[PDB]
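Below sits a lone chain in structure tokens, taken as the form deposited in one PDB entry.
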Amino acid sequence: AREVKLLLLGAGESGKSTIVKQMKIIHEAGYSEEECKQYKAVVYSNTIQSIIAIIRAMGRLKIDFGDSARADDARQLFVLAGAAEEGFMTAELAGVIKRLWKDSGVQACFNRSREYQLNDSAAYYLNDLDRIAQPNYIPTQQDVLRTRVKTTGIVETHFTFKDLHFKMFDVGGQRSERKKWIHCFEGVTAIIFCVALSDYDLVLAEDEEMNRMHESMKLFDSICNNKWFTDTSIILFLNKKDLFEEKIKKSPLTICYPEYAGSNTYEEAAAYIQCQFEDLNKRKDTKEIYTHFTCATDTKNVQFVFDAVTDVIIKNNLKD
């Protein structure tokens, strides 16, 4: 059997579900126009959810609206919140969102997203409001990629590429159906650990004993060094590099690593993080890590990175 088992791991919001969808676009035949239609309701809901999250955050952070006229829209949003659930973004609704998203109070809060929890499909959807507001609208494949869906168990995708049968599991965060879950961790060719680089500047939340980056690290530390994984490739996806590059211009990496004596260039910071992770590997003679810098929402990039990952797998099983 030329069969390859790939397990995706990493904190929530690290890009795992996206990598899965992306395999479908790249190596299966994508999403058919019918399937795209099915995500219409999802796109609408996420857009609604995203703006609500910003609005609610305004209260907590105590940020006043740019124009106090928008207060009505805030109240109106909650009334209309369900207006799209099976159908259409009525015009009224588009108006509310459009006007809120434009407001400077909202925006100042959107800038301060490190201070709360704003999903990374927010900007994407809200800036394309005009396009998705159309009654005739059919979600593009880039739109389907950007959808945020609750799953309640193991996510799987399979494809054939370069004469190899690929099985990929995003095991997710649900223990229910426990034997099949544990099995995802068994007979794995390669583990692909995802990291959201852009988490580096997130405020230490009231429910955490260390920042998100160190949480990710601790996780990687235990995966990498687990004796069950001795003969499993460890592949590291330092993801969300697009957002990381923008943030690092303004927020110092010392926010995340106080001891960091380097500089706030994308290049130098990214290299520092990679080292922070790779240094966690405690069996360096018997194991190397395969680091990749990705933007998971970018098909072309994933295609290239995954192609590379495959080539290593091929060159690997030529120990026969």
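Definition used throughout: the rigid core is the maximal C-alpha set that superposes within 1.5 Å between two forms. In this text, residue numbers run from 1 along the sequence as written.
Gap at residue 103 across at least one third of the other PDB entries: no, residue 103 modelled in all other entries.
Unmodelled residue 82 in at least one third of other entries with both flanks present: In at least a third of the comparable entries (those modelling both sides of it), residue 82 has no coordinates.
Segment of higher mean CA temperature factor, 181-189 or 99-107: Stretch with the higher mean C-alpha B-factor: 99-107.
Mean C-alpha temperature factor, higher of 235-243 and 160-168: For C-alpha atoms only, the mean B-factor is higher in 160-168.
Selection from 293, 266, 65, 272 [criterion: highest C-alpha temperature factor in the record]: Answer for 293, 266, 65, 272: 65, with the highest C-alpha B-factor.
Selection from 91, 204, 219, 197 [criterion: highest C-alpha temperature factor in the record]: Of the options given, 91 has the highest CA B-factor in the PDB entry.
Where the record places residue 36 (Cα B-factor, split into thirds across the chain): Highest third.
Residue 154, C-alpha B-factor rank within chain (lowest, middle or highest third): Middle third - that is where residue 154 ends up once the chain's C-alpha B-factors are sorted.
Ranked C-alpha temperature factor of residue 214 among modelled chain residues, by third: Bottom third by C-alpha B-factor.
Assigned third (lowest, middle, highest) for the C-alpha B factor of residue 54: As the PDB entry reports it, the C-alpha B-factor of residue 54 lands in the middle third of its chain.
Ranked C-alpha temperature factor of residue 223 among modelled chain residues, by third: Ranked within chain, residue 223 CA B lands in the lowest tercile.
Same protein, other form: the form deposited in another entry, not shown, and the subject of what follows.
Residue showing a 2 Å-or-more C-alpha displacement between this form and the one not shown once the rigid core is overlaid, selected from 130, 231, 72, 208: The answer here is 208.
Threshold 2 Å Cα movement between this form and the one not shown at residue 101, rigid core reference: No, the C-alpha moves less than 2 Å.
Large Cα shift (2 Å or above) at residue 218 between this form and the one not shown, core-fitted: No, its C-alpha moves less than 2 Å.
Cα displacement of residue 174 between this form and the one not shown reaching 2 Å, rigid core superposed: Residue 174: C-alpha displaced by 2 Å or more between this form and the one not shown.
Residue 176 and residue 236, C-alpha gap in the other entry relative to this structure (3 Å or more): Residues converge in the other entry, at least 3 Å closer.
Comparison of CA distance in the other entry with shown form for residue 208, residue 281, at least 3 Å: Relative to the displayed form, residue 208 and residue 281 move farther apart in the other entry - a change of at least 3 Å between their C-alphas.
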